[PDB]
$ cat my_file_13.txt   # compact mmCIF, N, CA and C atoms and all ligand atoms
# COMPACT_ATOMS: atom_id res chain seq x y z
N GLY A 1 95.71 92.83 90.26
CA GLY A 1 96.51 93.09 89.08
C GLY A 1 95.92 92.53 87.80
N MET A 2 95.78 93.39 86.79
CA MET A 2 95.03 93.02 85.58
C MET A 2 95.86 92.15 84.65
N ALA A 3 97.09 92.56 84.35
CA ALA A 3 97.85 91.96 83.26
C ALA A 3 98.27 90.54 83.61
N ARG A 4 97.77 89.58 82.84
CA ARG A 4 98.24 88.21 82.91
C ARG A 4 99.30 87.90 81.85
N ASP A 5 99.45 88.76 80.85
CA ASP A 5 100.45 88.60 79.80
C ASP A 5 101.52 89.68 79.98
N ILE A 6 101.85 90.46 78.96
CA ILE A 6 102.87 91.49 79.07
C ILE A 6 102.24 92.77 79.59
N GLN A 7 103.00 93.51 80.39
CA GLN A 7 102.55 94.78 80.96
C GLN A 7 103.07 95.93 80.12
N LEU A 8 102.24 96.97 79.97
CA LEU A 8 102.57 98.12 79.15
C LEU A 8 102.49 99.40 79.97
N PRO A 9 103.38 100.37 79.73
CA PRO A 9 103.35 101.61 80.50
C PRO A 9 102.33 102.61 79.96
N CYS A 10 102.52 103.88 80.27
CA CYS A 10 101.62 104.93 79.83
C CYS A 10 102.20 105.68 78.63
N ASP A 11 101.40 106.60 78.10
CA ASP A 11 101.69 107.19 76.80
C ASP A 11 102.87 108.14 76.85
N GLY A 12 102.94 108.97 77.89
CA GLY A 12 103.65 110.22 77.86
C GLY A 12 102.72 111.39 77.65
N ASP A 13 101.58 111.15 77.01
CA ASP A 13 100.43 112.03 77.05
C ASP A 13 99.45 111.63 78.14
N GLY A 14 99.70 110.50 78.81
CA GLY A 14 98.91 110.08 79.95
C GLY A 14 97.93 108.96 79.70
N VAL A 15 98.04 108.24 78.59
CA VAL A 15 97.11 107.19 78.22
C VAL A 15 97.78 105.84 78.44
N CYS A 16 97.06 104.92 79.09
CA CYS A 16 97.57 103.57 79.29
C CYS A 16 97.63 102.83 77.96
N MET A 17 98.82 102.35 77.59
CA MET A 17 98.99 101.66 76.33
C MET A 17 98.21 100.35 76.28
N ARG A 18 97.77 99.83 77.42
CA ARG A 18 97.09 98.54 77.48
C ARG A 18 95.58 98.68 77.44
N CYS A 19 95.01 99.52 78.30
CA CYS A 19 93.56 99.63 78.43
C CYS A 19 92.98 100.88 77.76
N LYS A 20 93.82 101.69 77.11
CA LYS A 20 93.36 102.83 76.31
C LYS A 20 92.60 103.85 77.16
N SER A 21 93.02 104.02 78.41
CA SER A 21 92.39 104.96 79.32
C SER A 21 93.43 105.94 79.86
N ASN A 22 92.94 107.09 80.33
CA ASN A 22 93.79 108.08 80.97
C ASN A 22 93.64 107.92 82.48
N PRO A 23 94.58 107.27 83.16
CA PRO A 23 94.40 106.96 84.58
C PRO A 23 94.39 108.22 85.43
N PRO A 24 93.46 108.32 86.38
CA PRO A 24 93.49 109.43 87.34
C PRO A 24 94.68 109.29 88.27
N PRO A 25 95.03 110.35 89.02
CA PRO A 25 96.23 110.27 89.87
C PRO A 25 96.18 109.15 90.89
N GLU A 26 95.00 108.83 91.42
CA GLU A 26 94.87 107.73 92.37
C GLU A 26 95.11 106.37 91.74
N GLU A 27 95.26 106.30 90.41
CA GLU A 27 95.56 105.06 89.71
C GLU A 27 96.88 105.12 88.96
N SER A 28 97.70 106.14 89.21
CA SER A 28 98.94 106.35 88.47
C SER A 28 100.14 106.17 89.39
N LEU A 29 101.17 105.51 88.87
CA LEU A 29 102.42 105.28 89.59
C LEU A 29 103.58 105.52 88.65
N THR A 30 104.54 106.33 89.08
CA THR A 30 105.74 106.60 88.30
C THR A 30 106.93 105.89 88.93
N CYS A 31 107.82 105.40 88.07
CA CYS A 31 108.99 104.66 88.53
C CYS A 31 109.98 105.60 89.21
N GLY A 32 110.66 105.07 90.24
CA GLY A 32 111.70 105.84 90.90
C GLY A 32 113.03 105.85 90.19
N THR A 33 113.16 105.08 89.11
CA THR A 33 114.41 104.98 88.36
C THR A 33 114.28 105.69 87.02
N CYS A 34 113.43 105.19 86.12
CA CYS A 34 113.24 105.79 84.81
C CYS A 34 112.16 106.86 84.78
N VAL A 35 111.38 106.99 85.85
CA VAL A 35 110.27 107.93 85.96
C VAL A 35 109.33 107.74 84.78
N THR A 36 108.85 106.51 84.59
CA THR A 36 107.81 106.25 83.61
C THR A 36 106.49 106.03 84.33
N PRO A 37 105.41 106.69 83.92
CA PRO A 37 104.12 106.46 84.56
C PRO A 37 103.51 105.14 84.11
N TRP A 38 102.95 104.41 85.07
CA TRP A 38 102.30 103.13 84.81
C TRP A 38 100.90 103.16 85.40
N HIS A 39 99.96 102.52 84.70
CA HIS A 39 98.60 102.37 85.20
C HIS A 39 98.59 101.24 86.23
N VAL A 40 98.38 101.59 87.50
CA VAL A 40 98.52 100.61 88.57
C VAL A 40 97.48 99.51 88.46
N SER A 41 96.35 99.79 87.80
CA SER A 41 95.33 98.76 87.64
C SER A 41 95.80 97.66 86.69
N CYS A 42 96.52 98.03 85.63
CA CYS A 42 96.95 97.10 84.60
C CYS A 42 98.27 96.41 84.92
N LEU A 43 98.76 96.53 86.15
CA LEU A 43 100.01 95.88 86.52
C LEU A 43 99.78 94.40 86.79
N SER A 44 100.88 93.64 86.79
CA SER A 44 100.80 92.22 87.13
C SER A 44 100.80 92.02 88.64
N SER A 45 101.71 92.69 89.34
CA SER A 45 101.80 92.63 90.79
C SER A 45 101.84 94.05 91.33
N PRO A 46 100.68 94.65 91.60
CA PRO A 46 100.67 95.98 92.18
C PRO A 46 101.33 95.98 93.54
N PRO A 47 101.88 97.11 93.97
CA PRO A 47 102.54 97.16 95.28
C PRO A 47 101.56 96.92 96.41
N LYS A 48 102.01 96.19 97.43
CA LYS A 48 101.15 95.77 98.52
C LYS A 48 101.49 96.40 99.86
N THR A 49 102.64 97.06 99.99
CA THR A 49 103.00 97.77 101.20
C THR A 49 103.18 99.25 100.90
N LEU A 50 103.14 100.06 101.96
CA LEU A 50 103.26 101.50 101.78
C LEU A 50 104.66 101.89 101.31
N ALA A 51 105.68 101.20 101.82
CA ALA A 51 107.05 101.51 101.40
C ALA A 51 107.29 101.10 99.95
N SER A 52 106.73 99.97 99.53
CA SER A 52 106.88 99.54 98.14
C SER A 52 106.18 100.49 97.18
N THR A 53 105.15 101.19 97.66
CA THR A 53 104.46 102.16 96.82
C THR A 53 105.24 103.46 96.70
N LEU A 54 106.01 103.82 97.73
CA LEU A 54 106.77 105.06 97.70
C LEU A 54 108.02 104.93 96.83
N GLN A 55 108.87 103.95 97.14
CA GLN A 55 110.05 103.66 96.33
C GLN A 55 109.73 102.54 95.33
N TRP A 56 108.69 102.78 94.54
CA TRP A 56 108.25 101.79 93.57
C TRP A 56 109.16 101.78 92.35
N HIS A 57 109.44 100.58 91.85
CA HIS A 57 110.28 100.39 90.68
C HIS A 57 109.49 99.60 89.64
N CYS A 58 109.42 100.14 88.43
CA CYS A 58 108.55 99.60 87.40
C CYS A 58 109.03 98.23 86.93
N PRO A 59 108.15 97.44 86.31
CA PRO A 59 108.54 96.09 85.88
C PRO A 59 109.74 96.06 84.94
N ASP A 60 109.94 97.11 84.14
CA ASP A 60 111.09 97.14 83.25
C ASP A 60 112.39 97.39 84.01
N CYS A 61 112.32 98.05 85.16
CA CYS A 61 113.50 98.34 85.96
C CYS A 61 113.76 97.31 87.05
N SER A 62 112.73 96.58 87.47
CA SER A 62 112.88 95.58 88.53
C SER A 62 113.71 94.39 88.06
N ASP B 1 97.61 115.16 117.36
CA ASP B 1 97.02 116.48 117.18
C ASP B 1 98.01 117.44 116.53
N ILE B 2 99.29 117.29 116.89
CA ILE B 2 100.35 118.13 116.35
C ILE B 2 101.03 117.42 115.18
N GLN B 3 100.40 117.47 114.01
CA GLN B 3 100.97 116.91 112.79
C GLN B 3 101.70 118.01 112.03
N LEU B 4 103.01 117.83 111.83
CA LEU B 4 103.81 118.86 111.20
C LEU B 4 104.45 118.35 109.91
N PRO B 5 104.47 119.17 108.86
CA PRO B 5 105.04 118.71 107.58
C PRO B 5 106.55 118.87 107.50
N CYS B 6 107.08 118.93 106.28
CA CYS B 6 108.50 119.08 106.03
C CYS B 6 108.81 120.51 105.58
N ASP B 7 110.00 120.98 105.93
CA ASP B 7 110.44 122.30 105.49
C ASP B 7 110.88 122.23 104.03
N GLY B 8 111.24 123.39 103.47
CA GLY B 8 111.71 123.42 102.10
C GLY B 8 112.98 122.62 101.89
N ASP B 9 113.90 122.68 102.87
CA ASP B 9 115.13 121.90 102.78
C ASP B 9 114.88 120.41 102.92
N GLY B 10 113.78 120.02 103.56
CA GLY B 10 113.43 118.62 103.73
C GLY B 10 113.43 118.14 105.17
N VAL B 11 113.95 118.91 106.12
CA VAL B 11 114.00 118.46 107.51
C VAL B 11 112.58 118.45 108.07
N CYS B 12 112.17 117.29 108.57
CA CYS B 12 110.82 117.13 109.09
C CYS B 12 110.63 117.97 110.35
N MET B 13 109.56 118.76 110.38
CA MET B 13 109.27 119.65 111.50
C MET B 13 108.67 118.93 112.70
N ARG B 14 108.83 117.61 112.79
CA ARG B 14 108.42 116.84 113.95
C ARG B 14 109.49 115.87 114.45
N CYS B 15 110.55 115.63 113.68
CA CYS B 15 111.63 114.76 114.11
C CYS B 15 113.01 115.29 113.72
N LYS B 16 113.10 116.43 113.04
CA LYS B 16 114.37 117.06 112.69
C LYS B 16 115.26 116.12 111.88
N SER B 17 114.67 115.45 110.89
CA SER B 17 115.40 114.54 110.02
C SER B 17 115.02 114.80 108.57
N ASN B 18 115.89 114.36 107.66
CA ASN B 18 115.65 114.46 106.23
C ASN B 18 115.20 113.10 105.72
N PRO B 19 113.89 112.85 105.59
CA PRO B 19 113.43 111.49 105.31
C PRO B 19 113.84 111.04 103.92
N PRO B 20 113.98 109.74 103.71
CA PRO B 20 114.26 109.22 102.36
C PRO B 20 113.00 109.16 101.53
N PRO B 21 113.10 108.87 100.23
CA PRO B 21 111.88 108.74 99.41
C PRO B 21 110.91 107.69 99.93
N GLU B 22 111.41 106.60 100.52
CA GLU B 22 110.53 105.59 101.10
C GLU B 22 109.78 106.09 102.32
N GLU B 23 110.05 107.32 102.79
CA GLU B 23 109.37 107.89 103.94
C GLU B 23 108.80 109.27 103.66
N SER B 24 108.76 109.70 102.40
CA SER B 24 108.25 111.01 102.02
C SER B 24 106.96 110.85 101.23
N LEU B 25 105.96 111.66 101.57
CA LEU B 25 104.65 111.62 100.93
C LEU B 25 104.22 113.05 100.63
N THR B 26 104.05 113.35 99.34
CA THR B 26 103.70 114.70 98.90
C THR B 26 102.19 114.80 98.72
N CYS B 27 101.61 115.88 99.24
CA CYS B 27 100.17 116.06 99.15
C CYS B 27 99.75 116.36 97.72
N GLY B 28 98.59 115.83 97.33
CA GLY B 28 98.04 116.01 96.01
C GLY B 28 97.37 117.35 95.74
N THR B 29 97.22 118.20 96.76
CA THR B 29 96.57 119.49 96.60
C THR B 29 97.52 120.66 96.83
N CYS B 30 98.30 120.63 97.92
CA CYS B 30 99.20 121.71 98.26
C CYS B 30 100.67 121.36 98.01
N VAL B 31 100.93 120.26 97.31
CA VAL B 31 102.26 119.74 96.97
C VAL B 31 103.28 119.98 98.07
N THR B 32 102.89 119.73 99.33
CA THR B 32 103.80 119.86 100.46
C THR B 32 104.28 118.48 100.90
N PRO B 33 105.58 118.28 101.08
CA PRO B 33 106.07 116.97 101.52
C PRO B 33 105.81 116.75 103.00
N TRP B 34 105.62 115.48 103.36
CA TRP B 34 105.39 115.09 104.74
C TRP B 34 106.19 113.83 105.05
N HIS B 35 106.54 113.67 106.32
CA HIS B 35 107.20 112.47 106.81
C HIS B 35 106.13 111.49 107.29
N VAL B 36 106.00 110.36 106.60
CA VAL B 36 104.95 109.40 106.93
C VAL B 36 105.19 108.80 108.31
N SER B 37 106.45 108.64 108.71
CA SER B 37 106.75 108.10 110.04
C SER B 37 106.15 108.97 111.13
N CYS B 38 106.20 110.29 110.96
CA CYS B 38 105.65 111.22 111.94
C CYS B 38 104.17 111.49 111.72
N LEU B 39 103.53 110.79 110.79
CA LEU B 39 102.10 110.93 110.57
C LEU B 39 101.33 110.11 111.60
N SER B 40 100.26 110.69 112.14
CA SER B 40 99.46 109.98 113.13
C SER B 40 98.70 108.82 112.49
N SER B 41 98.05 109.06 111.35
CA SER B 41 97.28 108.05 110.64
C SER B 41 97.79 107.95 109.21
N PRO B 42 98.72 107.04 108.93
CA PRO B 42 99.20 106.85 107.56
C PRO B 42 98.08 106.36 106.65
N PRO B 43 98.24 106.47 105.33
CA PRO B 43 97.20 106.00 104.42
C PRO B 43 96.95 104.51 104.58
N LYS B 44 95.72 104.09 104.29
CA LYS B 44 95.30 102.72 104.49
C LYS B 44 95.01 101.96 103.20
N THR B 45 94.90 102.65 102.07
CA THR B 45 94.65 102.01 100.78
C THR B 45 95.71 102.46 99.78
N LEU B 46 95.66 101.87 98.59
CA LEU B 46 96.58 102.26 97.53
C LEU B 46 96.16 103.58 96.89
N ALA B 47 94.85 103.80 96.74
CA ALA B 47 94.38 105.05 96.16
C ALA B 47 94.69 106.23 97.07
N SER B 48 94.52 106.06 98.38
CA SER B 48 94.84 107.13 99.32
C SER B 48 96.34 107.37 99.43
N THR B 49 97.17 106.46 98.92
CA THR B 49 98.61 106.68 98.86
C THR B 49 99.04 107.33 97.56
N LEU B 50 98.42 106.94 96.44
CA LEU B 50 98.80 107.50 95.14
C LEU B 50 98.36 108.95 95.02
N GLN B 51 97.12 109.25 95.40
CA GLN B 51 96.63 110.62 95.51
C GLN B 51 96.37 110.85 97.00
N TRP B 52 97.37 111.41 97.68
CA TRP B 52 97.33 111.60 99.12
C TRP B 52 96.98 113.05 99.44
N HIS B 53 96.04 113.23 100.37
CA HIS B 53 95.67 114.54 100.87
C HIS B 53 96.23 114.68 102.28
N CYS B 54 97.06 115.70 102.49
CA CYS B 54 97.73 115.88 103.76
C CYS B 54 96.72 116.22 104.86
N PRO B 55 97.11 116.05 106.13
CA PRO B 55 96.19 116.40 107.23
C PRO B 55 95.66 117.83 107.15
N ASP B 56 96.51 118.79 106.79
CA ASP B 56 96.07 120.18 106.68
C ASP B 56 95.12 120.41 105.52
N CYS B 57 94.97 119.44 104.62
CA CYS B 57 93.99 119.54 103.54
C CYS B 57 92.80 118.63 103.81
ZN ZN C 1 95.43 100.55 81.94
ZN ZN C 2 111.43 102.13 85.63
ZN ZN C 3 109.62 113.19 110.92
ZN ZN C 4 97.84 119.39 101.49

$ encode --input "my_file_13.txt" --output "structure tokens"
Amino acid sequence: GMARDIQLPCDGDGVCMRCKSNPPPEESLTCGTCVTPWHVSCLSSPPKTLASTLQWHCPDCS
Amino acid sequence: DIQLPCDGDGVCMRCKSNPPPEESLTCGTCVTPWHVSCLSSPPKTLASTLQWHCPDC
């Protein structure tokens, strides 16, 4: 997990607000509550189990 | 050898159940849902889970 300070979501156009990159699908995670895309690389605690990755809840919703 | 996906309604064609989101995995190429519980080899990394290719792909 990259972010040691505050974590930022994605653009809505698909750009990570933190690292200024457009994450590929293998690096993208959308929340199960607000459905906001997040760059999984720039998270503080990326999901570590398969179930946590499926029903993933973003840091703003957790 | 007999890996079966989910129907349009959602009932898994290998266990006759409607899996929850914590047990549903949609393929990144043919956008077909699958029941991970009925999968022979579930994904092993985070990248293979985020962009998942179903057995038939
Ligand atoms: Zn990023
Ligand atoms: Zn959320
Ligand atoms: Zn099943
Ligand atoms: Zn497929």

$ residues_near_ligand --input "my_file_13.txt" --ligand "ligand ZN 3 (chain C)" --cutoff "6.5 Å" --atoms "only N, CA and C atoms and all ligand atoms" --output "ChimeraX atom specification"
/B:12-17,35-38

$ residues_near_point --input "my_file_13.txt" --point "(95.8, 109.4, 82.7)" --cutoff "12 Å" --atoms "only C-alpha atoms" --output "list in words"
residues 9, 10, 11, 12, 13, 14, 15, 16, 17, 19, 20, 21, 22, 23, 24, 25, 26, 27, 28, 29, 30, 37, 38, 39, 40 and 41 of chain A

$ interface_residues --input "my_file_13.txt" --of "chain B" --to "chain A" --cutoff "7 Å" --atoms "only C-alpha atoms" --output "ChimeraX atom specification"
/B:21-22,47-48,50-51

$ residues_near_ligand --input "my_file_13.txt" --ligand "ligand ZN 2 (chain C)" --cutoff "5 Å" --atoms "only N, CA and C atoms and all ligand atoms" --output "count of residues only"
6

$ residues_near_ligand --input "my_file_13.txt" --ligand "ligand ZN 4 (chain C)" --cutoff "6 Å" --atoms "all atoms listed in the file" --output "ChimeraX atom specification"
/B:27-32,53-57

$ closest_residue --input "my_file_13.txt" --among "A:7, A:36, A:45, A:62" --to "ligand ZN 1 (chain C)" --atoms "only C-alpha atoms and all ligand atoms"
A:7

$ build_atoms --input "my_file_13.txt" --residues "segment 23-41 of chain B" --atoms "N, CA, C and O atoms" --output "tab-separated table (two decimals), in the frame of the given file"
chain	number	residue	atom	x	y	z
B	23	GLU	N	110.05	107.32	102.79
B	23	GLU	CA	109.37	107.89	103.94
B	23	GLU	C	108.80	109.27	103.66
B	23	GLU	O	108.39	109.96	104.60
B	24	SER	N	108.76	109.70	102.40
B	24	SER	CA	108.25	111.01	102.02
B	24	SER	C	106.96	110.85	101.23
B	24	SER	O	106.88	110.01	100.32
B	25	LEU	N	105.96	111.66	101.57
B	25	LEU	CA	104.65	111.62	100.93
B	25	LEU	C	104.22	113.05	100.63
B	25	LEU	O	104.06	113.86	101.54
B	26	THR	N	104.05	113.35	99.34
B	26	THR	CA	103.70	114.70	98.90
B	26	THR	C	102.19	114.80	98.72
B	26	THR	O	101.57	113.92	98.11
B	27	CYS	N	101.61	115.88	99.24
B	27	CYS	CA	100.17	116.06	99.15
B	27	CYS	C	99.75	116.36	97.72
B	27	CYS	O	100.45	117.05	96.97
B	28	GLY	N	98.59	115.83	97.33
B	28	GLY	CA	98.04	116.01	96.01
B	28	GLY	C	97.37	117.35	95.74
B	28	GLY	O	96.99	117.61	94.60
B	29	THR	N	97.22	118.20	96.76
B	29	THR	CA	96.57	119.49	96.60
B	29	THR	C	97.52	120.66	96.83
B	29	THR	O	97.55	121.60	96.04
B	30	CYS	N	98.30	120.63	97.92
B	30	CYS	CA	99.20	121.71	98.26
B	30	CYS	C	100.67	121.36	98.01
B	30	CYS	O	101.55	122.11	98.45
B	31	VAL	N	100.93	120.26	97.31
B	31	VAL	CA	102.26	119.74	96.97
B	31	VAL	C	103.28	119.98	98.07
B	31	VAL	O	104.43	120.37	97.81
B	32	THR	N	102.89	119.73	99.33
B	32	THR	CA	103.80	119.86	100.46
B	32	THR	C	104.28	118.48	100.90
B	32	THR	O	103.45	117.57	101.08
B	33	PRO	N	105.58	118.28	101.08
B	33	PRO	CA	106.07	116.97	101.52
B	33	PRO	C	105.81	116.75	103.00
B	33	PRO	O	105.78	117.69	103.80
B	34	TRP	N	105.62	115.48	103.36
B	34	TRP	CA	105.39	115.09	104.74
B	34	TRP	C	106.19	113.83	105.05
B	34	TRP	O	106.50	113.04	104.16
B	35	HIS	N	106.54	113.67	106.32
B	35	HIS	CA	107.20	112.47	106.81
B	35	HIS	C	106.13	111.49	107.29
B	35	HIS	O	105.42	111.77	108.26
B	36	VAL	N	106.00	110.36	106.60
B	36	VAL	CA	104.95	109.40	106.93
B	36	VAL	C	105.19	108.80	108.31
B	36	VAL	O	104.23	108.50	109.04
B	37	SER	N	106.45	108.64	108.71
B	37	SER	CA	106.75	108.10	110.04
B	37	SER	C	106.15	108.97	111.13
B	37	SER	O	105.65	108.46	112.14
B	38	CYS	N	106.20	110.29	110.96
B	38	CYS	CA	105.65	111.22	111.94
B	38	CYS	C	104.17	111.49	111.72
B	38	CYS	O	103.60	112.35	112.41
B	39	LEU	N	103.53	110.79	110.79
B	39	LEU	CA	102.10	110.93	110.57
B	39	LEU	C	101.33	110.11	111.60
B	39	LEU	O	101.70	108.97	111.90
B	40	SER	N	100.26	110.69	112.14
B	40	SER	CA	99.46	109.98	113.13
B	40	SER	C	98.70	108.82	112.49
B	40	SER	O	98.71	107.70	113.02
B	41	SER	N	98.05	109.06	111.35
B	41	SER	CA	97.28	108.05	110.64
B	41	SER	C	97.79	107.95	109.21
B	41	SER	O	97.35	108.71	108.33
